[PDB]
Asker: 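One structure coming up, written as structure tokens, with questions to follow.
Because only heavy atoms are used, hydrogens play no part in the values below, and waters and symmetry mates are left out as well, while side chains stay in. So you know, we letter chains A, B, ... as the sequences are listed, proteins then strands, and number each from 1.
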Amino acid sequence: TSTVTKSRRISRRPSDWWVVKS
Amino acid sequence: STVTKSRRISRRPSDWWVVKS
Amino acid sequence: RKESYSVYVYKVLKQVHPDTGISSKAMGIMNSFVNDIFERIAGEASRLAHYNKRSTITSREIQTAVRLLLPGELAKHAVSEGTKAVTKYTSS
Amino acid sequence: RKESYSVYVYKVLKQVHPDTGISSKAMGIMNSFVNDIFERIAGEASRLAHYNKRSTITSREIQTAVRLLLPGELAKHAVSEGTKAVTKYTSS
Amino acid sequence: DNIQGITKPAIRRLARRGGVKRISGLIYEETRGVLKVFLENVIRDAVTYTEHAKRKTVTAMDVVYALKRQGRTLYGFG
Amino acid sequence: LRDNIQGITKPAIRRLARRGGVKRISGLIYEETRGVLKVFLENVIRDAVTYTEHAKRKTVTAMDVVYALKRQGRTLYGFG
Amino acid sequence: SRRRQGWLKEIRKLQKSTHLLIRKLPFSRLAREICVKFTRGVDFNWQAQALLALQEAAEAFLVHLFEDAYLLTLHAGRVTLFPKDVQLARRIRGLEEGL
Amino acid sequence: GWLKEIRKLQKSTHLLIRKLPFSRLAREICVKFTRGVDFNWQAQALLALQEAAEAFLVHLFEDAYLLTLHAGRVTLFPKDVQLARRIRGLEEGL
Amino acid sequence: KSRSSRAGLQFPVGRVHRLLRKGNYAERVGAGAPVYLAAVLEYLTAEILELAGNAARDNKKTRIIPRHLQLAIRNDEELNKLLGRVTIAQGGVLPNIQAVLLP
Amino acid sequence: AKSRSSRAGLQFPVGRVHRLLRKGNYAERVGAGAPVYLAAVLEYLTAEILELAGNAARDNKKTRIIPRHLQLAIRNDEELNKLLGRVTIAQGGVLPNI
DNA sequence: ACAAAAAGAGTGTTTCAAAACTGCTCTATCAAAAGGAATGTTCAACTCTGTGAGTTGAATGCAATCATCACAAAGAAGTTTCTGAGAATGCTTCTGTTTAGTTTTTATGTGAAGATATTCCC
DNA sequence: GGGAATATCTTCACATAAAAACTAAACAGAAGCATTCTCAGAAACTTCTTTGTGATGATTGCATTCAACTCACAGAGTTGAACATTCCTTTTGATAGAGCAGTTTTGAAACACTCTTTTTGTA
């Protein structure tokens, strides 16, 4: 799943950005 | 159809998503 | 102190519809349109000159940029008007 | 003669993955990526300076352009890196 | 409740101008979410421009520049 | 007309659709896809040769294609 | 009946007017709320024209999105706009045009 | 069978259209677009043009398939491709 | 003796020249480039204004308004494609209802 | 006998970035810290991409980064994917979906 | 070792930033007011599901064929270098044309009014 | 239909907000000329595309079929538009009033230019 890079930049995988989330 | 001052037929954007033959 | 193409747009309007007026908002939209198209064409001509290692933007870049930006029938008459104008201008 | 960023991409690759090679075509892709991002940032900074009637591209335009072009955390870390670099550079 | 400020009849009028005949009930929450997402993107860039200038007021030109960089040229306010 | 558009064969179009993830393909999709590919190529090739003849050249370079795509909004990376 | 085509009159009337359809004060409240959520420090002021341009852009965006989503509605053989239609229209428009 | 075909194709990267047919098609389009002056084509120009066309087509098929599923079908139709082009909106779909 | 008059244009060739020189487009600007560009811009505005004036006349009005500009643009496929990603303030939409609607 | 890149702590050529800024006619004048900031940003983005590409080559049980790995790295990070949204990686393939 | 790019120093220029100042326009308030949103109900109008009828695409297996690969040759086209001619720039002077501010018309939107067009009953 | 009824049409008058017309003044563009420097053209070299040949075997094409799909529809179930009433929120018009944007002015910092020295990718 989500993977922290070689920095504090946590690199999430793309998701259903097209769905309105609360 | 519809021609401007120049001999430019200004056709209206009927349909472009459908392929022709 | 703020330059606008309002007077030129109004001249062209008088040429094409000699008895029509234009609202102030519509004139502002016409100004936005002219600025937008100018910026598009000039940016494309700049990119062309830079691609060919040239340092001058000539009427040849403007023509090619017009051919790239405008859809077909628009571009045909646009380059017609442009070449016509440069001939009439160099003929003086 | 022909400039590229292959040597520097290889250096940073040695830094981040000191044991992984890169393909010739992947190196071309990385060159394309660097040129693309450079052009984006430089053009955004250019038009920022032009908007604010300035005539020089300072490190402040580069910062704002980076803020405009990159997504959230990417931009945060990029701004951090850039500020760190300019501080370390002036402190000499 | 600023997001609730967009009312059901306003969203309905938007959909009708868009040509929609019948509108579900969840469309209202969906549209509020979509509008909020759209506004966040434009307002972020607008205040970025406003901060780059050393200003404290957001300008029509700042909004216009934000929209153009996101690829939505707006003509009435130049 | 006899060929050159029929060179895009049904198995090729089917491979494209499967890589796209399409499980099941109708039969009119082949003519539809040939038309779509044709209109896509016409837009890119026109701009490519426009660049190519603005430069006073006669060979369409890879960079001409790259510029055509970039100006149409598609950036290609492996050919810089 | 109660109303033969009440929606059709509404559509035909709205598609020939040009005024904004959201109310100025609610829209400006929402916009300012978002703006302060972005700025940790002191809020910015807003030109009336700035808020006006923002509302124009937002409404044009939403109207075009509804037009695109209704095509997916009719595509599914329905006439009721569902949220899944809007979601799919956003997904197909892409990251830029669909946020 | 289609499942293993999809899984095999989605992990590969090679071009799916044949280079020589693609080249013939591109060249005849170019000669239709010419102004009486023929052009040559670098081998890399045709590879670049084919890499872009196939990526475009694959992405278009992905979008069109989402429409097929929305309509409750598993079979891709020309109306699903036409609608995906319409929603993409006159530059991305074209 | 103005360049616009010399070229037969209503648009300002000198102003376009200055804008080209000051816009950071190239180091140098040819002499015919502003002429060509001004001619193109004038032609485009002539097209748009003609279509918009027709649209206004068909509405029994003598002043062009953003609605008429929008109607003129969205009804010409060339201009509609040129101004594809352009929003016109106070322009509304085209009166287009789907066919499955009207009984 | 010290390069501006070394002074900034970078691997990317500050002098070359400065020359490119000056000759690209982006503005009439370029600050001193602008190429430093820009090279730092370019180097950071390169590092972020190459790290994920190397991770993809690793768990793909390979040893050399190929375009497939760059594509996998880009399309699997949401921010990088949003940044390179209109970019086609030649010989990159797609991501496995249904 | 050597050519090309980049640091390094120093000088001149220029530009941007800090300051002070002015006025303008944004915010916050208020006060009606009215009209439009919220509420609740209903039922016609829609969506969903399941079935059965009708259609068709993937799978399979043959022969045919042509994409590919290699190879070679030719020569067309692109590249590099060099030169000078003319075209662009830079600068100064003058005027004419653009713009901001007035101030004179005038579409137009409103509102009222009459009727024509659309519509209900049996 | 056949007259009733209204909503939707056209018609007229007026206020007015808004556009068009007028003025000066001021700023920028044209004219003229000296200088510079860019790009066209030519010649020599090279390199890369086109054209052609031959094998071949990998891939396509063709025909069937039948399992797997699409499609229509009827009934069951769900819900959104229409409608009547209340009230509350938005609008509009002041109204400070003050905070901030926009202008000017100045001055110190910083950058461009130029010449030198020096480092760096081929030898």
Asker: Pick north or south for the sugar of K:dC26; the rule is positive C1'-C2'-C3'-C4' for north, negative for south.
Answerer: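 Negative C1'-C2'-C3'-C4' torsion, south pucker.
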
Asker: Using the side-chain heavy atoms of E:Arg22, tell me which of these nucleotides is nearest: L:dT38, L:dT60, K:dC46.
Answerer: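 For E:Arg22, the side-chain atoms sit closest to K:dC46.
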
Asker: Judged by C1'-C2'-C3'-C4' (positive north, negative south), is the sugar of K:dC62 north or south?
Answerer: north

Asker: Between C:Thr56 and K:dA87, does any side-chain N or O lie under 4.0 Å from OP1 or OP2?
Answerer: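 So the side-chain polar atoms of C:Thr56 never come under 4.0 Å of the phosphate oxygens OP1 or OP2 of K:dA87.
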
Asker: Checking all strands, does G:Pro26 fall into the base, sugar-phosphate, or nothing category for heavy-atom contacts under 4.0 angstrom?
Answerer: sugar-phosphate

Asker: Please name the pair of heavy atoms, one in H:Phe61 and one in F:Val22, separated by the smallest distance, quoted to 0.1 Å.
Answerer: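 Closest approach of H:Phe61 to F:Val22: O-CG2, 4.1 Å.
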
Asker: Taking CD in I:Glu27 as the centre, count heavy atoms belonging to other residues, nucleotides or ligands within less than 6.0 Å. Is the count above 12?
Answerer: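 Buried by this count: over 12 neighbours within 6.0 Å.
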
Asker: L:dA28 phosphate, OP1 or OP2: any side-chain N/O from I:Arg18 under 4.0 angstrom?
Answerer: no

Asker: Tell me which of H:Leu16 and J:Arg29 sits closer to the 5' end of DNA chain L, going by the nucleotide each one is nearest to.
Answerer: H:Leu16

Asker: Between P on L:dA20 and CZ on I:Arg63, what's the gap in Å once rounded to a whole number?
Answerer: 7 Å

Asker: Between I:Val13 and E:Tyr28, which is nearer to the 5' end of DNA chain L once each is assigned its nearest nucleotide?
Answerer: I:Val13

Asker: Quick one, which residues of residues 9-16 of chain E touch DNA chain L with a heavy atom under 4.0 Å?
Answerer: E:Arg12, E:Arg16

Asker: Using a 4.0 Å heavy-atom cut-off across all strands, classify G:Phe82 as base, sugar-phosphate, or nothing.
Answerer: sugar-phosphate

Asker: Quick test of your reading of the model: are F:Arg34 and F:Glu31 salt-bridged, counting only N-O distances below 4.0 Å?
Answerer: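 Counted as a salt bridge, because a side-chain N and a carboxylate O are separated by less than 4.0 Å.
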
Asker: With both distances under 3.5 angstrom, what nucleotide forms a Watson-Crick or G-U wobble pair with K:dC122?
Answerer: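 Check on K:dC122: unpaired, no WC or wobble geometry under 3.5 Å.
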
Asker: Would the number of heavy atoms belonging to other residues, nucleotides or ligands and lying under 6.0 Å from NZ of H:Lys19 be above 12?
Answerer: no

Asker: Taking the side chain as everything from C-beta on, heavy atoms only, tell me whether I:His68 gets closer than 4.5 Å to I:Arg63.
Answerer: no

Asker: Counting the atoms with a prime plus P, OP1 and OP2 as sugar-phosphate, which does C:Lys25 contact under 4.0 Å by heavy atoms, base, sugar-phosphate, or nothing?
Answerer: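 No contact.
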
Asker: Measure OH/C:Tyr89 against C1'/K:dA87 and give the value in whole Å, please.
Answerer: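 Taking OH of C:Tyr89 and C1' of K:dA87, I get 12 Å after rounding.
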
Asker: Distance check: side-chain N/O of J:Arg4 vs OP1/OP2 of K:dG8, anything under 4.0 Å?
Answerer: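 Negative; the distance criterion is not met.
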
Asker: How close or far is atom P of K:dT49 from atom CZ of G:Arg78, stated in whole angstroms?
Answerer: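 After rounding, the reported distance stands at 12 Å.
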
Asker: For a side-chain hydrogen bond (donor to acceptor under 3.5 Å, both in side chains) check, start with the C-alpha distance between D:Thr64 and D:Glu61, then their side-chain angles and the critical distance, and finish with the verdict.
Answerer: CA-CA 5 Å; D:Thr64 302; D:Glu61 278 79 315; over 6 Å; no

Asker: For D:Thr56 and J:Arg29: C-alpha separation, side-chain torsions, deciding distance, then whether side-chain hydrogen bond (donor to acceptor under 3.5 Å, both in side chains) applies.
Answerer: CA-CA 4 Å; D:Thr56 166; J:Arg29 172 185 298 250; 5.5 Å; no

Asker: Where the side chain of F:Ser26 is concerned, which of L:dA82, K:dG57, K:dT99 is the nearest nucleotide?
Answerer: K:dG57

Asker: Return yes when atom NZ of J:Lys23 has more than 12 non-hydrogen atoms of other residues, nucleotides or ligands closer than 6.0 Å, and no otherwise.
Answerer: no

Asker: Base, sugar-phosphate or nothing for C:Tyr8? Non-hydrogen atoms, less than 4.0 Å.
Answerer: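 Sugar-phosphate contact only - C:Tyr8 comes under 4.0 Å of backbone atoms but never of a base.
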
Asker: Can you check the H:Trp41 CH2 to L:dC48 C1' distance for me, whole Å?
Answerer: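 Roughly 16 Å, once rounded to whole Å.
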
Asker: Using whole Å, what does the distance between atom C1' of nucleotide K:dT56 and atom NZ of F:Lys10 come to?
Answerer: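 That distance rounds to 14 Å.
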
Asker: Strictly below 4.0 Å: does I:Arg3 bring a side-chain N or O up to OP1 or OP2 of L:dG29?
Answerer: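 It does not, given that no N or O in the side chain of I:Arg3 lies less than 4.0 Å from OP1 or OP2 of L:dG29.
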
Asker: Is the shortest side-chain heavy-atom distance between C:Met30 and I:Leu69 below 4.5 Å?
Answerer: yes

Asker: Do other residues, nucleotides or ligands put more than 12 heavy atoms under 6.0 Å from D:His50 NE2?
Answerer: no

Asker: Detail all sub-3.5 Å separations between protein N/O atoms and N/O atoms belonging to nucleotides 77-82 of chain K.
Answerer:
unit_1, atom_1, unit_2, atom_2, d
K:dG78, OP1, F:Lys58, N, 2.4
K:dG78, OP1, F:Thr59, N, 2.9
K:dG78, OP1, F:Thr59, OG1, 3.4

Asker: Atom CG of G:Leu8 and atom P of L:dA81: how far apart are they, to the nearest Å?
Answerer: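 Nearest whole value for this atom pair: 14 Å.
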
Asker: C:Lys2 has an atom NZ; how far is it from atom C1' of L:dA26, in whole Å?
Answerer: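 Rounded to whole Å, this separation is 18 Å.
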
Asker: Would you indicate, from the sign of the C1'-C2'-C3'-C4' dihedral, whether L:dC113 has a north or a south sugar?
Answerer: south

Asker: Need one value for C:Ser24: base, sugar-phosphate or nothing, where a base atom within 4.0 Å counts as base even if backbone is also close, heavy atoms only.
Answerer: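 Since only primed, P, OP1 and OP2 atoms lie under 4.0 Å of C:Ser24, the category is sugar-phosphate.
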
Asker: Checking all strands, does J:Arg7 fall into the base, sugar-phosphate, or nothing category for heavy-atom contacts under 4.0 angstrom?
Answerer: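 Sugar-phosphate only.
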
Asker: Over how many whole Å does the gap from H:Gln42 atom CD to L:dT47 atom P extend?
Answerer: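 Nearest whole value for this atom pair: 14 Å.
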
Asker: Before accepting this row, confirm whether a basic side-chain N of the pair D:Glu3/J:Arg19 lies closer than 4.0 Å to the acidic partner's carboxylate O.
Answerer: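 Between J:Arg19 and D:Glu3 there is no salt bridge, as every charged N stays at least 4.0 Å from the carboxylate O atoms.
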
Asker: Would you tell me if any nitrogen or oxygen in the side chain of D:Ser55 comes within less than 4.0 Å of OP1 or OP2 on K:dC16?
Answerer: yes

Asker: Within the 4.0 Å heavy-atom criterion, would you say C:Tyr10 contacts the bases, only the backbone, or no part of the nucleic acid?
Answerer: sugar-phosphate

